[PDB]
């Protein structure tokens, strides 16, 4: 369990009584009890309230808060308050403030923007973390440390530049090695001294947010920035553990957030926690993929849903309300994919600057006789009823799809082949195909051991890191199926092209050679023409974005391009390799093809849908010992019916016994417990 002393799915979230008075806290306690809220994430944004100058600390206001919650037996997710520095610190110690992408030195304002290489910030953040831990080391109610808040954003100030040079000395050792890694013979970029190297932003190598002249420099700067923020986190973490070695530590992550390499971050964290904020507009399968990735960060360990909104989110272009039941629907989607808490931002609306129109459990009217409150209260009761049933349950997927931040960085900084190539979208296309057939799948790093899986899919694996090729050759040889696509295997970890023919280190295992890649103008497509009927694949399908022109070497040809000067050449190939098979998809296919492809690949390996359901009825499985829990989630606005099988199963949420045909209400959720 996330914490043995708190044996249920925690229910609560960000709570900020210091924005209010004592009387409102009385009301908070009363309404929290009504709603079933048993955890509070406190002290996220009160650095200034605690510390008014270099030497003065006041925790009495926090003591009162902890004590009051303790009387209710509400548990505490205690934040270190380092997510936003005090105005006096920004004024007296400007080294705390970032320099942005445009080269400007910032002034006090916003949040989440301390220079990760600031001596002042690291000095006081460490001291603050250590004082909190020390003061509260013996307190029974603290179940989790919430370090800082949403680490993110890049800094380009002098300290970062000086420290980037040091990071480079440690990474490359010599300028010779650095000059080679960066391919600096190009455009006369030869460096003769480390101080000659500067941060890549709008003043130097980069422009318009995502372009660069020197991708190796941009790539390493992102690695370095990610590491620098990670050092801040570890630094607070170690200071906390020194006083409370037994209290877990997390920090709140942001899913498919591009700027940080969370696989690397996750290793430093006791448990993953994240903040999920889908729009009305966000594909439901995408937010599943994100919860999935969050579980993948620690190779399938369950994570905390640290945040979500009980209703609207102010930051969205259109503050759409969550329709009746959707809040609950989406809470259970989170649990369905590994979440062992469901927590909100926030418990009571601010009044209150930029997030006053962010939804909360208790809102501006200040009472519980509210549609939003009712739904929250219903959920809370159900979470109480569930107790520890679902805790620690894990995924037993036999299909994995790989995702990597470094690969994403390189792809997004690349100049060509097409601005229409979107890495996450391509990964999502493959994942969506699995989600639609209820094939249980894991989002995994490229370093994950492949032996538990039967199908491994690596969409656009552009960057191939040391050991990767060997590991997939092994996987496939011993009977697995591996899938990869156009524009994969191009470069190594320094964004240097692996010479001798794409797909480089994967050429052997894929059995093909990709001669050249063609980018299609917007609105232009080609067509995948099957050689002959093959399982669920039959006739013609459309493809687009990029078209790899390839030569079957070892591999067999399953489909050919239908048009253009590479008409009749291979677009889908199958390589028999050892006891396994690898598939190379030379273009970006429509959803029908990926449906047939995924169906075939799963059948080939004897992996079966968890359940068959109408479109939009999502099924995911967590397993605890031998008991299988099937989360059935109906995203449709209408009631839906499906075959649940013949097994003796009971819906954990109704108590009723389910078998054969079963109906699920609109926005409905079932948790089928079997064996």
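Numbering follows the first chain given and starts at 1.
According to the PDB record, 557-565 carries the higher mean C-alpha B-factor of the two stretches 119-127 and 557-565. For the two regions 583-591 and 517-525, the entry's Cα B-factors average higher over 517-525. Taking the deposited Cα B-factors for 239, 355, 604, 406, the highest one is held by 604. Highest C-alpha temperature factor among 539, 173, 258, 103, as the PDB entry reports it: 539. In the PDB entry, a CA B factor belonging to the highest third of its chain's modelled residues is recorded for residue 644. In the deposited entry, the Cα temperature factor of residue 58 sits in the middle third of values across the chain's modelled residues. Per the deposited record, the Cα B-factor of residue 196 falls in the lowest third when ranked against the other modelled residues of its chain. Among the modelled residues of its chain, residue 48 has a C-alpha B-factor that falls in the lowest third according to the deposited record. Ranked by Cα temperature factor within the chain, residue 383 sits in the highest third according to the deposited record.
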